[PDB]
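Peer 1: Have a peek at target.pdb (PDB, C-alpha atoms and all ligand atoms).
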ATOM      1  CA  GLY A 142     -62.147 -31.063  85.689
ATOM      2  CA  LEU A 143     -59.887 -29.743  82.953
ATOM      3  CA  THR A 144     -56.191 -29.324  83.586
ATOM      4  CA  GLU A 145     -54.615 -25.889  83.277
ATOM      5  CA  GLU A 146     -53.009 -26.907  79.979
ATOM      6  CA  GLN A 147     -56.401 -28.039  78.667
ATOM      7  CA  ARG A 148     -58.175 -24.842  79.741
ATOM      8  CA  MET A 149     -55.419 -22.804  78.090
ATOM      9  CA  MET A 150     -55.750 -24.914  74.937
ATOM     10  CA  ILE A 151     -59.473 -24.162  74.661
ATOM     11  CA  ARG A 152     -58.812 -20.484  75.406
ATOM     12  CA  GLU A 153     -56.423 -20.087  72.469
ATOM     13  CA  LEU A 154     -58.723 -21.920  70.050
ATOM     14  CA  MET A 155     -61.743 -19.848  71.109
ATOM     15  CA  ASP A 156     -59.551 -16.749  70.838
ATOM     16  CA  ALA A 157     -58.555 -17.680  67.278
ATOM     17  CA  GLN A 158     -62.180 -18.419  66.348
ATOM     18  CA  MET A 159     -63.423 -15.085  67.719
ATOM     19  CA  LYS A 160     -60.748 -13.178  65.776
ATOM     20  CA  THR A 161     -61.124 -14.914  62.410
ATOM     21  CA  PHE A 162     -64.760 -16.060  62.017
ATOM     22  CA  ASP A 163     -66.948 -13.180  60.784
ATOM     23  CA  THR A 164     -70.256 -14.709  61.845
ATOM     24  CA  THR A 165     -72.243 -11.857  60.262
ATOM     25  CA  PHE A 166     -70.303 -12.111  56.958
ATOM     26  CA  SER A 167     -70.077  -8.309  57.007
ATOM     27  CA  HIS A 168     -66.808  -8.311  55.024
ATOM     28  CA  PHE A 169     -67.996 -10.728  52.318
ATOM     29  CA  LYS A 170     -68.469  -8.215  49.505
ATOM     30  CA  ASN A 171     -68.027  -7.690  45.755
ATOM     31  CA  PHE A 172     -68.985 -11.311  45.051
ATOM     32  CA  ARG A 173     -70.310 -12.495  41.704
ATOM     33  CA  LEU A 174     -73.956 -13.469  41.246
ATOM     34  CA  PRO A 175     -75.822 -15.598  38.685
ATOM     35  CA  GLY A 176     -76.588 -13.609  35.551
ATOM     36  CA  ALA A 196     -69.167 -36.765  26.776
ATOM     37  CA  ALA A 197     -69.498 -39.283  29.586
ATOM     38  CA  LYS A 198     -67.494 -36.640  31.464
ATOM     39  CA  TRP A 199     -70.144 -33.963  30.917
ATOM     40  CA  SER A 200     -72.566 -36.745  31.854
ATOM     41  CA  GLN A 201     -70.714 -37.384  35.119
ATOM     42  CA  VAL A 202     -70.203 -33.636  35.575
ATOM     43  CA  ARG A 203     -73.960 -33.237  35.119
ATOM     44  CA  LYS A 204     -74.432 -35.835  37.857
ATOM     45  CA  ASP A 205     -71.795 -33.973  39.880
ATOM     46  CA  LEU A 206     -73.515 -30.594  39.474
ATOM     47  CA  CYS A 207     -76.866 -31.402  41.102
ATOM     48  CA  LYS A 210     -80.295 -27.158  44.781
ATOM     49  CA  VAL A 211     -80.503 -23.945  46.814
ATOM     50  CA  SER A 212     -82.191 -20.565  46.524
ATOM     51  CA  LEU A 213     -80.255 -17.399  47.351
ATOM     52  CA  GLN A 214     -81.576 -14.395  49.275
ATOM     53  CA  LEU A 215     -79.854 -11.019  49.671
ATOM     54  CA  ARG A 216     -81.319  -8.588  52.211
ATOM     55  CA  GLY A 217     -80.374  -4.980  51.557
ATOM     56  CA  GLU A 218     -79.540  -2.560  54.346
ATOM     57  CA  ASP A 219     -82.585  -0.519  53.303
ATOM     58  CA  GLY A 220     -84.858  -3.557  53.697
ATOM     59  CA  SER A 221     -85.043  -4.647  50.060
ATOM     60  CA  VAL A 222     -84.804  -8.361  49.254
ATOM     61  CA  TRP A 223     -83.429 -10.149  46.184
ATOM     62  CA  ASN A 224     -84.182 -13.850  45.669
ATOM     63  CA  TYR A 225     -82.746 -16.248  43.089
ATOM     64  CA  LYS A 226     -84.305 -19.584  42.157
ATOM     65  CA  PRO A 227     -82.118 -21.822  39.977
ATOM     66  CA  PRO A 228     -82.896 -23.510  36.630
ATOM     67  CA  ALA A 229     -83.307 -27.155  35.586
ATOM     68  CA  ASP A 230     -81.375 -29.424  33.190
ATOM     69  CA  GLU A 235     -76.781 -23.829  32.091
ATOM     70  CA  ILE A 236     -75.892 -25.584  35.355
ATOM     71  CA  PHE A 237     -72.729 -23.450  35.585
ATOM     72  CA  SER A 238     -74.420 -20.143  36.474
ATOM     73  CA  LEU A 239     -73.794 -20.796  40.191
ATOM     74  CA  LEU A 240     -70.037 -21.573  40.205
ATOM     75  CA  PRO A 241     -68.616 -17.998  40.200
ATOM     76  CA  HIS A 242     -70.637 -17.108  43.311
ATOM     77  CA  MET A 243     -69.771 -20.407  44.992
ATOM     78  CA  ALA A 244     -66.081 -19.833  44.253
ATOM     79  CA  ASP A 245     -66.261 -16.366  45.818
ATOM     80  CA  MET A 246     -67.964 -17.676  48.965
ATOM     81  CA  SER A 247     -65.518 -20.579  49.228
ATOM     82  CA  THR A 248     -62.593 -18.175  48.788
ATOM     83  CA  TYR A 249     -63.928 -15.870  51.511
ATOM     84  CA  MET A 250     -64.348 -18.792  53.912
ATOM     85  CA  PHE A 251     -60.931 -20.223  53.023
ATOM     86  CA  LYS A 252     -59.317 -16.906  53.968
ATOM     87  CA  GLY A 253     -60.948 -17.038  57.397
ATOM     88  CA  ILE A 254     -59.848 -20.644  57.902
ATOM     89  CA  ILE A 255     -56.262 -19.755  56.989
ATOM     90  CA  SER A 256     -56.281 -16.811  59.406
ATOM     91  CA  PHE A 257     -57.698 -19.126  62.078
ATOM     92  CA  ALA A 258     -54.761 -21.521  61.709
ATOM     93  CA  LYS A 259     -52.077 -18.825  61.702
ATOM     94  CA  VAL A 260     -53.186 -17.504  65.103
ATOM     95  CA  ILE A 261     -52.913 -20.946  66.728
ATOM     96  CA  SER A 262     -49.518 -21.264  68.389
ATOM     97  CA  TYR A 263     -49.288 -25.020  67.804
ATOM     98  CA  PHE A 264     -49.886 -24.399  64.094
ATOM     99  CA  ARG A 265     -47.377 -21.598  63.503
ATOM    100  CA  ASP A 266     -44.665 -23.578  65.314
ATOM    101  CA  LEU A 267     -44.913 -26.263  62.629
ATOM    102  CA  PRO A 268     -42.636 -25.960  59.579
ATOM    103  CA  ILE A 269     -44.167 -23.894  56.789
ATOM    104  CA  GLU A 270     -44.359 -26.916  54.473
ATOM    105  CA  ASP A 271     -46.485 -28.831  56.986
ATOM    106  CA  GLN A 272     -48.679 -25.772  57.573
ATOM    107  CA  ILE A 273     -49.426 -25.727  53.841
ATOM    108  CA  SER A 274     -49.994 -29.492  53.779
ATOM    109  CA  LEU A 275     -52.426 -29.362  56.708
ATOM    110  CA  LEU A 276     -54.355 -26.401  55.288
ATOM    111  CA  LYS A 277     -54.646 -28.080  51.881
ATOM    112  CA  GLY A 278     -56.098 -31.171  53.540
ATOM    113  CA  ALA A 279     -58.459 -29.547  56.038
ATOM    114  CA  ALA A 280     -59.609 -26.204  54.570
ATOM    115  CA  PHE A 281     -62.843 -27.668  53.190
ATOM    116  CA  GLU A 282     -63.646 -29.530  56.414
ATOM    117  CA  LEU A 283     -63.179 -26.475  58.637
ATOM    118  CA  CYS A 284     -65.343 -24.434  56.259
ATOM    119  CA  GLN A 285     -68.207 -26.923  56.571
ATOM    120  CA  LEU A 286     -67.827 -26.983  60.360
ATOM    121  CA  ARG A 287     -68.141 -23.192  60.444
ATOM    122  CA  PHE A 288     -71.122 -23.365  58.072
ATOM    123  CA  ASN A 289     -72.908 -25.780  60.416
ATOM    124  CA  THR A 290     -72.951 -23.129  63.153
ATOM    125  CA  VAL A 291     -75.045 -20.884  60.872
ATOM    126  CA  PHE A 292     -77.217 -23.776  59.656
ATOM    127  CA  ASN A 293     -80.907 -23.657  60.596
ATOM    128  CA  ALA A 294     -82.277 -27.203  60.668
ATOM    129  CA  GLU A 295     -85.872 -26.060  61.240
ATOM    130  CA  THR A 296     -85.919 -23.999  58.024
ATOM    131  CA  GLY A 297     -83.175 -25.789  56.071
ATOM    132  CA  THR A 298     -81.205 -22.581  55.507
ATOM    133  CA  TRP A 299     -77.650 -21.371  56.070
ATOM    134  CA  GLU A 300     -77.975 -17.843  57.486
ATOM    135  CA  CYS A 301     -74.853 -15.948  56.404
ATOM    136  CA  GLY A 302     -75.771 -12.456  57.551
ATOM    137  CA  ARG A 303     -77.652 -10.703  54.760
ATOM    138  CA  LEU A 304     -77.111 -13.778  52.557
ATOM    139  CA  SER A 305     -79.232 -16.905  52.896
ATOM    140  CA  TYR A 306     -78.942 -20.268  51.148
ATOM    141  CA  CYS A 307     -82.272 -22.109  51.378
ATOM    142  CA  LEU A 308     -82.921 -25.705  50.348
ATOM    143  CA  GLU A 309     -85.725 -25.871  47.794
ATOM    144  CA  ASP A 310     -88.739 -28.153  48.178
ATOM    145  CA  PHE A 315     -88.201 -34.721  51.194
ATOM    146  CA  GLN A 316     -86.460 -37.630  52.897
ATOM    147  CA  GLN A 317     -84.725 -38.064  49.528
ATOM    148  CA  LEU A 318     -82.953 -34.736  50.075
ATOM    149  CA  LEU A 319     -81.234 -36.027  53.221
ATOM    150  CA  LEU A 320     -79.746 -38.789  51.051
ATOM    151  CA  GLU A 321     -77.215 -36.167  49.943
ATOM    152  CA  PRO A 322     -74.206 -36.792  52.227
ATOM    153  CA  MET A 323     -73.340 -33.134  52.869
ATOM    154  CA  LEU A 324     -76.948 -32.281  53.744
ATOM    155  CA  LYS A 325     -77.117 -35.376  55.958
ATOM    156  CA  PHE A 326     -73.905 -34.260  57.680
ATOM    157  CA  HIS A 327     -75.285 -30.820  58.535
ATOM    158  CA  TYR A 328     -78.562 -32.186  59.910
ATOM    159  CA  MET A 329     -76.820 -34.850  62.003
ATOM    160  CA  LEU A 330     -74.157 -32.494  63.380
ATOM    161  CA  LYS A 331     -76.753 -29.851  64.265
ATOM    162  CA  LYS A 332     -78.757 -32.463  66.182
ATOM    163  CA  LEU A 333     -75.815 -32.935  68.572
ATOM    164  CA  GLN A 334     -76.400 -29.450  70.076
ATOM    165  CA  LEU A 335     -72.693 -28.670  70.300
ATOM    166  CA  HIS A 336     -71.153 -25.792  72.224
ATOM    167  CA  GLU A 337     -68.869 -23.200  70.654
ATOM    168  CA  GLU A 338     -65.953 -24.867  72.454
ATOM    169  CA  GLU A 339     -66.759 -28.271  70.960
ATOM    170  CA  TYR A 340     -66.919 -26.825  67.432
ATOM    171  CA  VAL A 341     -63.485 -25.198  67.650
ATOM    172  CA  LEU A 342     -62.006 -28.427  69.034
ATOM    173  CA  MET A 343     -63.444 -30.296  66.053
ATOM    174  CA  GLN A 344     -61.766 -27.684  63.854
ATOM    175  CA  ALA A 345     -58.426 -28.291  65.584
ATOM    176  CA  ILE A 346     -58.708 -32.086  65.350
ATOM    177  CA  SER A 347     -59.481 -31.805  61.635
ATOM    178  CA  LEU A 348     -56.685 -29.278  61.070
ATOM    179  CA  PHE A 349     -54.003 -31.355  62.818
ATOM    180  CA  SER A 350     -54.566 -34.577  60.884
ATOM    181  CA  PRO A 351     -51.132 -36.279  60.716
ATOM    182  CA  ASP A 352     -52.071 -38.303  57.610
ATOM    183  CA  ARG A 353     -52.707 -35.528  55.097
ATOM    184  CA  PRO A 354     -50.611 -35.875  51.919
ATOM    185  CA  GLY A 355     -47.155 -34.363  52.234
ATOM    186  CA  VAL A 356     -47.023 -33.980  56.025
ATOM    187  CA  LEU A 357     -43.470 -34.390  57.345
ATOM    188  CA  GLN A 358     -43.789 -33.849  61.121
ATOM    189  CA  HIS A 359     -46.334 -36.665  61.253
ATOM    190  CA  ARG A 360     -45.265 -37.586  64.792
ATOM    191  CA  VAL A 361     -45.579 -34.019  66.109
ATOM    192  CA  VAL A 362     -48.943 -33.461  64.405
ATOM    193  CA  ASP A 363     -50.231 -36.799  65.716
ATOM    194  CA  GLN A 364     -49.356 -35.927  69.316
ATOM    195  CA  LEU A 365     -50.996 -32.518  68.880
ATOM    196  CA  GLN A 366     -54.150 -34.116  67.460
ATOM    197  CA  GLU A 367     -54.270 -36.632  70.311
ATOM    198  CA  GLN A 368     -54.164 -33.831  72.884
ATOM    199  CA  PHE A 369     -56.934 -31.879  71.146
ATOM    200  CA  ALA A 370     -59.085 -35.025  71.195
ATOM    201  CA  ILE A 371     -58.273 -35.703  74.858
ATOM    202  CA  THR A 372     -59.242 -32.115  75.692
ATOM    203  CA  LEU A 373     -62.555 -32.587  73.870
ATOM    204  CA  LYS A 374     -63.202 -35.889  75.663
ATOM    205  CA  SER A 375     -62.469 -34.237  79.010
ATOM    206  CA  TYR A 376     -64.600 -31.174  78.213
ATOM    207  CA  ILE A 377     -67.627 -33.339  77.399
ATOM    208  CA  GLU A 378     -67.228 -35.467  80.532
ATOM    209  CA  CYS A 379     -66.904 -32.373  82.738
ATOM    210  CA  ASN A 380     -69.775 -30.368  81.228
ATOM    211  CA  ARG A 381     -72.409 -32.808  79.853
ATOM    212  CA  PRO A 382     -73.745 -35.397  82.320
ATOM    213  CA  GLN A 383     -77.150 -35.818  80.662
ATOM    214  CA  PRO A 384     -78.107 -39.221  79.192
ATOM    215  CA  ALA A 385     -78.633 -37.557  75.801
ATOM    216  CA  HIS A 386     -74.873 -36.880  75.693
ATOM    217  CA  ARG A 387     -73.724 -40.424  76.425
ATOM    218  CA  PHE A 388     -71.158 -41.444  73.781
ATOM    219  CA  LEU A 389     -71.087 -37.845  72.499
ATOM    220  CA  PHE A 390     -67.300 -37.810  72.087
ATOM    221  CA  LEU A 391     -67.425 -40.943  69.932
ATOM    222  CA  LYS A 392     -70.320 -39.527  67.900
ATOM    223  CA  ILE A 393     -68.267 -36.388  67.214
ATOM    224  CA  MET A 394     -65.215 -38.427  66.204
ATOM    225  CA  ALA A 395     -67.440 -40.434  63.854
ATOM    226  CA  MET A 396     -68.721 -37.205  62.282
ATOM    227  CA  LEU A 397     -65.142 -36.088  61.613
ATOM    228  CA  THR A 398     -64.412 -39.362  59.813
ATOM    229  CA  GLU A 399     -67.537 -38.868  57.695
ATOM    230  CA  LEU A 400     -66.586 -35.245  56.998
ATOM    231  CA  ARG A 401     -63.175 -36.384  55.752
ATOM    232  CA  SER A 402     -64.837 -38.913  53.439
ATOM    233  CA  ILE A 403     -67.164 -36.161  52.203
ATOM    234  CA  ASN A 404     -64.082 -33.982  51.666
ATOM    235  CA  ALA A 405     -62.452 -36.612  49.446
ATOM    236  CA  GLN A 406     -65.548 -37.163  47.298
ATOM    237  CA  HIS A 407     -66.214 -33.428  46.934
ATOM    238  CA  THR A 408     -62.617 -32.641  45.946
ATOM    239  CA  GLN A 409     -62.821 -35.146  43.083
ATOM    240  CA  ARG A 410     -66.180 -33.644  42.093
ATOM    241  CA  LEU A 411     -64.747 -30.125  41.900
ATOM    242  CA  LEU A 412     -61.687 -31.261  39.940
ATOM    243  CA  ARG A 413     -63.895 -32.918  37.317
ATOM    244  CA  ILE A 414     -65.957 -29.730  36.967
ATOM    245  CA  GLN A 415     -62.821 -27.558  36.887
ATOM    246  CA  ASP A 416     -61.553 -29.757  34.047
ATOM    247  CA  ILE A 417     -64.699 -29.074  31.990
ATOM    248  CA  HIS A 418     -65.565 -25.519  33.084
ATOM    249  CA  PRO A 419     -62.899 -23.475  34.909
ATOM    250  CA  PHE A 420     -64.093 -21.616  37.997
ATOM    251  CA  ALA A 421     -61.479 -22.029  40.730
ATOM    252  CA  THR A 422     -60.119 -18.742  42.059
ATOM    253  CA  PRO A 423     -56.330 -18.389  42.473
ATOM    254  CA  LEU A 424     -56.632 -19.244  46.180
ATOM    255  CA  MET A 425     -58.672 -22.391  45.501
ATOM    256  CA  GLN A 426     -56.150 -23.371  42.818
ATOM    257  CA  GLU A 427     -53.383 -23.058  45.416
ATOM    258  CA  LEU A 428     -55.327 -25.220  47.876
ATOM    259  CA  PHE A 429     -56.018 -27.783  45.129
ATOM    260  CA  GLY A 430     -52.398 -27.810  43.961
ATOM    261  CA  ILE A 431     -53.272 -26.521  40.487
ATOM    262  CA  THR A 432     -50.104 -25.033  39.004
ATOM    263  CA  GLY A 433     -51.525 -22.949  36.145
ATOM    264  CA  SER A 434     -49.615 -24.673  33.333
TER     265      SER A 434
HETATM  266  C1  LIG B 501     -69.792 -22.747  47.769
HETATM  267  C2  LIG B 501     -71.199 -23.004  48.223
HETATM  268  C3  LIG B 501     -71.935 -22.014  48.698
HETATM  269  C4  LIG B 501     -73.260 -22.198  49.390
HETATM  270  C5  LIG B 501     -73.212 -23.150  50.606
HETATM  271  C6  LIG B 501     -72.002 -22.774  51.470
HETATM  272  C7  LIG B 501     -74.487 -23.114  51.457
HETATM  273  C8  LIG B 501     -74.271 -24.283  52.427
HETATM  274  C9  LIG B 501     -73.595 -25.391  51.614
HETATM  275  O1  LIG B 501     -72.407 -25.779  52.311
HETATM  276  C10 LIG B 501     -74.568 -26.586  51.550
HETATM  277  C11 LIG B 501     -75.080 -26.866  50.139
HETATM  278  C12 LIG B 501     -73.978 -27.848  52.160
HETATM  279  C13 LIG B 501     -73.210 -24.658  50.246
HETATM  280  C14 LIG B 501     -71.929 -25.119  49.540
HETATM  281  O2  LIG B 501     -72.099 -26.540  49.269
HETATM  282  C15 LIG B 501     -71.020 -27.329  49.400
HETATM  283  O3  LIG B 501     -69.923 -26.918  49.683
HETATM  284  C16 LIG B 501     -71.344 -28.757  49.151
HETATM  285  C17 LIG B 501     -72.636 -29.142  48.801
HETATM  286  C18 LIG B 501     -72.941 -30.473  48.595
HETATM  287  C19 LIG B 501     -71.964 -31.445  48.737
HETATM  288  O4  LIG B 501     -72.267 -32.761  48.555
HETATM  289  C20 LIG B 501     -70.671 -31.070  49.085
HETATM  290  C21 LIG B 501     -70.370 -29.738  49.288
HETATM  291  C22 LIG B 501     -71.661 -24.432  48.203
END
Could you render the structure from this file as structure tokens?

Peer 2:
Amino acid sequence: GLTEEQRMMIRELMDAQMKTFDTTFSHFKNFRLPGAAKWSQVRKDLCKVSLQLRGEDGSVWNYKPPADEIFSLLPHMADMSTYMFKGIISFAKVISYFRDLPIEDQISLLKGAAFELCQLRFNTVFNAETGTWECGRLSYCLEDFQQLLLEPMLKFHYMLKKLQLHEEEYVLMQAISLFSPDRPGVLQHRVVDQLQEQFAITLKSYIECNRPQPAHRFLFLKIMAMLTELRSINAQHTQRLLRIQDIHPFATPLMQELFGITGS
């Protein structure tokens, strides 16, 4: 029961996702690997995942992290974040509604939503039965707990996975997050707001036309609630990373650009 405009809208988003989301991570290469009240808070900020690399020959490398030193993981994390940020940026540039915005609003929207779209893409490779993010030959496993789900990002991934979303519903979440009219520095707030409203209406219509089961009652509102939580997680995590960056630099040039770090 979608209109022609709504079907075309989903087609372009799915087209952009297919072109820019390397679900096997085959082109993620050459990445680095692990070899006073601020440092206190940064110690609280720092804290748990094992890393597995499966070679093409069949060999396997595993890394288990240390206690307390806590910075051995940041270069790899920066490289993964940078790789995912590049895919998110390519995703936005293909979308016609995005590249018709002025370049200053494109930058403002990408600065505000890059993290959120990365986590949404990571949820599609999350395995809730094994607690692992399967990124091709890379795997990030949660180490051995109802106390673990207290962590808001982990709780997000478990709750979003439980909703059993389609590929089309994920890319519409990505569009709704991307076209947030209230990111800092957005000028065409009225245009972005009307674009966001139409992406949300398309999602609402898609769910009503394709999910009649009682388990999917209120699904649209559950998804919208997840996006609000993801934005709150985004804000807390950005302040976490900026405190760590202040104590121990790690941000790549691309992450610096997205964080507004000038280099002086
Ligand atoms: C750059 C990273 C690489 C490994 C991944 C992508 C594996 C999955 C991950 O998103 C997961 C710890 C949520 C993690 C990333 O974790 C986060 O981005 C994160 C973790 C906890 C939070 O409270 C917020 C963000 C870290």

Peer 1: Report, as AutoDock Vina command-line options, the axis-aligned box around all atoms of segment 339-343 of chain A present in the file, extended by 6 Å on each side; give centre and edge lengths in Å to one decimal place.

Peer 2:
--center_x -64.5 --center_y -27.7 --center_z 68.5 --size_x 16.9 --size_y 17.1 --size_z 16.9

Peer 1: Suppose a student applies the PyMOL selection byres (((not hetatm)) within 6 of (chain B and resi 501)) to this structure; what residues should they get, written as a PDB file with C-alpha atoms, in the frame of the given file?

Peer 2:
ATOM      1  CA  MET A 243     -69.771 -20.407  44.992  1.00  0.00           C
ATOM      2  CA  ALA A 244     -66.081 -19.833  44.253  1.00  0.00           C
ATOM      3  CA  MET A 246     -67.964 -17.676  48.965  1.00  0.00           C
ATOM      4  CA  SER A 247     -65.518 -20.579  49.228  1.00  0.00           C
ATOM      5  CA  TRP A 299     -77.650 -21.371  56.070  1.00  0.00           C
ATOM      6  CA  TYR A 306     -78.942 -20.268  51.148  1.00  0.00           C
ATOM      7  CA  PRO A 322     -74.206 -36.792  52.227  1.00  0.00           C
ATOM      8  CA  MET A 323     -73.340 -33.134  52.869  1.00  0.00           C
ATOM      9  CA  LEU A 324     -76.948 -32.281  53.744  1.00  0.00           C
ATOM     10  CA  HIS A 407     -66.214 -33.428  46.934  1.00  0.00           C
TER      11      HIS A 407
END

Peer 1: So the first atom is atom CA of residue 366 of chain A and the second is atom CA of residue 346 of chain A; what is the distance between them in Å, to one decimal place?

Peer 2: 5.4 Å

Peer 1: State, in Å with one decimal place, the distance from atom CA of residue 351 of chain A to atom CA of residue 252 of chain A.

Peer 2: 22.1 Å

Peer 1: Decode the PyMOL selection byres (((chain A and resi 159-170) around 7) and not hetatm) for the given file into explicit residues and return them as a PyMOL selection string.

Peer 2: chain A and resi 155-158+171-172+249+253+256-257+301-302

Peer 1: Ranking A:396, A:255, A:273, A:411 by minimum distance to residue 343 of chain A and counting all atoms listed in the file, which one comes first?

Peer 2: A:396

Peer 1: Can you pull out the residues contacting residue 390 of chain A? Cut-off 9 Å, using only C-alpha atoms, and skip same-chain residues under 5 positions away; I want them as a ChimeraX atom specification.

Peer 2: /A:370,373-374,377-378,395

Peer 1: Hey, can you pull every residue with an atom no more than 12 Å from (-78.2, -25.6, 33.7), using all atoms listed in the file, and send it as a PyMOL selection string?

Peer 2: chain A and resi 175+199+202-204+206-207+210+227-230+235-240

Peer 1: Can you tell me, as a list in words, what residues are no more than 10 Å from segment 147-152 of chain A when counting only C-alpha atoms, ignoring any on the same chain fewer than 2 positions away?

Peer 2: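 With the cut-off at 10 Å, the set is residues 142, 143, 144, 145, 154, 155, 156, 157, 158, 261, 262, 263, 338, 339, 341, 342, 368, 369, 371, 372, 373, 375 and 376 of chain A.
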
Peer 1: Can you turn the PyMOL selection byres (((chain A and resi 420) around 12) and not hetatm) into a concrete residue list for this file, as a compact mmCIF listing (two decimals) with C-alpha atoms, in the frame of the given file?

Peer 2:
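The result, stored in result.txt:
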# COMPACT_ATOMS: atom_id res chain seq x y z
CA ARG A 173 -70.31 -12.50 41.70
CA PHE A 237 -72.73 -23.45 35.58
CA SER A 238 -74.42 -20.14 36.47
CA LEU A 239 -73.79 -20.80 40.19
CA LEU A 240 -70.04 -21.57 40.20
CA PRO A 241 -68.62 -18.00 40.20
CA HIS A 242 -70.64 -17.11 43.31
CA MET A 243 -69.77 -20.41 44.99
CA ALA A 244 -66.08 -19.83 44.25
CA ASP A 245 -66.26 -16.37 45.82
CA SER A 247 -65.52 -20.58 49.23
CA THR A 248 -62.59 -18.18 48.79
CA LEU A 411 -64.75 -30.12 41.90
CA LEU A 412 -61.69 -31.26 39.94
CA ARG A 413 -63.90 -32.92 37.32
CA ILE A 414 -65.96 -29.73 36.97
CA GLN A 415 -62.82 -27.56 36.89
CA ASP A 416 -61.55 -29.76 34.05
CA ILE A 417 -64.70 -29.07 31.99
CA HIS A 418 -65.56 -25.52 33.08
CA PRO A 419 -62.90 -23.48 34.91
CA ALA A 421 -61.48 -22.03 40.73
CA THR A 422 -60.12 -18.74 42.06
CA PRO A 423 -56.33 -18.39 42.47
CA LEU A 424 -56.63 -19.24 46.18
CA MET A 425 -58.67 -22.39 45.50
CA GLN A 426 -56.15 -23.37 42.82

Peer 1: For residue 212 of chain A, list every protein, DNA or RNA residue within 8 Å, evaluated using only C-alpha atoms, and leave out those in the same chain fewer than 3 positions away; present the list as a list in words.

Peer 2: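 Answer for this query is residues 224, 225, 226, 227, 305, 306, 307, 308 and 309 of chain A.
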
Peer 1: Here's a test: counting only C-alpha atoms, identify every protein, DNA and RNA residue with an atom at most 6 Å from (-77.3, -25.9, 57.1) in the file's coordinate frame, and state them as a list in words.

Peer 2: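 Taken together, the residues in range are residues 289, 292, 293, 297, 298, 299 and 327 of chain A.
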
Peer 1: Next, write the just-selected residues to a file, as a compact mmCIF listing (two decimals), in the coordinates of the input, keeping C-alpha atoms as the atom set.

Peer 2:
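What follows is the written file out_8.txt:
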# COMPACT_ATOMS: atom_id res chain seq x y z
CA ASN A 289 -72.91 -25.78 60.42
CA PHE A 292 -77.22 -23.78 59.66
CA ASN A 293 -80.91 -23.66 60.60
CA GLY A 297 -83.18 -25.79 56.07
CA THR A 298 -81.20 -22.58 55.51
CA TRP A 299 -77.65 -21.37 56.07
CA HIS A 327 -75.28 -30.82 58.54

Peer 1: Between atom CA of residue 335 of chain A and atom CA of residue 259 of chain A, what is the distance in Å, rounded to a tenth?

Peer 2: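 Taking atom CA of residue 335 of chain A and atom CA of residue 259 of chain A, their separation equals 24.4 Å.
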
Peer 1: Starting from the block above, write segment 356-368 of chain A out to a file with N, CA and C atoms, as an mmCIF file, in the first residue's frame, please.

Peer 2:
data_model
loop_
_atom_site.group_PDB
_atom_site.id
_atom_site.type_symbol
_atom_site.label_atom_id
_atom_site.label_comp_id
_atom_site.auth_asym_id
_atom_site.auth_seq_id
_atom_site.Cartn_x
_atom_site.Cartn_y
_atom_site.Cartn_z
ATOM 1 N N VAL A 356 22.840 23.314 11.226
ATOM 2 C CA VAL A 356 21.984 23.076 10.069
ATOM 3 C C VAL A 356 21.244 24.362 9.726
ATOM 4 N N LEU A 357 21.280 24.746 8.450
ATOM 5 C CA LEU A 357 20.629 25.963 7.980
ATOM 6 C C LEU A 357 19.265 25.694 7.356
ATOM 7 N N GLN A 358 19.181 24.746 6.421
ATOM 8 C CA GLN A 358 17.908 24.370 5.808
ATOM 9 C C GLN A 358 17.117 23.447 6.740
ATOM 10 N N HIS A 359 16.882 23.948 7.956
ATOM 11 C CA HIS A 359 16.172 23.166 8.964
ATOM 12 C C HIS A 359 14.765 22.807 8.507
ATOM 13 N N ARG A 360 14.110 23.700 7.761
ATOM 14 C CA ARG A 360 12.759 23.417 7.289
ATOM 15 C C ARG A 360 12.766 22.344 6.204
ATOM 16 N N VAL A 361 13.732 22.402 5.286
ATOM 17 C CA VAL A 361 13.810 21.402 4.224
ATOM 18 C C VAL A 361 14.167 20.037 4.803
ATOM 19 N N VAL A 362 15.144 20.002 5.713
ATOM 20 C CA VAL A 362 15.560 18.738 6.314
ATOM 21 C C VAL A 362 14.425 18.137 7.134
ATOM 22 N N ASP A 363 13.657 18.985 7.825
ATOM 23 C CA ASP A 363 12.548 18.488 8.633
ATOM 24 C C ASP A 363 11.477 17.837 7.768
ATOM 25 N N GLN A 364 11.150 18.453 6.630
ATOM 26 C CA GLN A 364 10.148 17.870 5.744
ATOM 27 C C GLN A 364 10.658 16.583 5.109
ATOM 28 N N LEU A 365 11.961 16.509 4.830
ATOM 29 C CA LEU A 365 12.538 15.266 4.328
ATOM 30 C C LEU A 365 12.475 14.172 5.385
ATOM 31 N N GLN A 366 12.854 14.499 6.624
ATOM 32 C CA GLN A 366 12.782 13.520 7.706
ATOM 33 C C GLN A 366 11.359 13.019 7.902
ATOM 34 N N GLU A 367 10.384 13.930 7.870
ATOM 35 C CA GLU A 367 8.997 13.533 8.090
ATOM 36 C C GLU A 367 8.532 12.542 7.031
ATOM 37 N N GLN A 368 8.985 12.717 5.789
ATOM 38 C CA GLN A 368 8.577 11.810 4.723
ATOM 39 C C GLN A 368 9.266 10.456 4.835
#
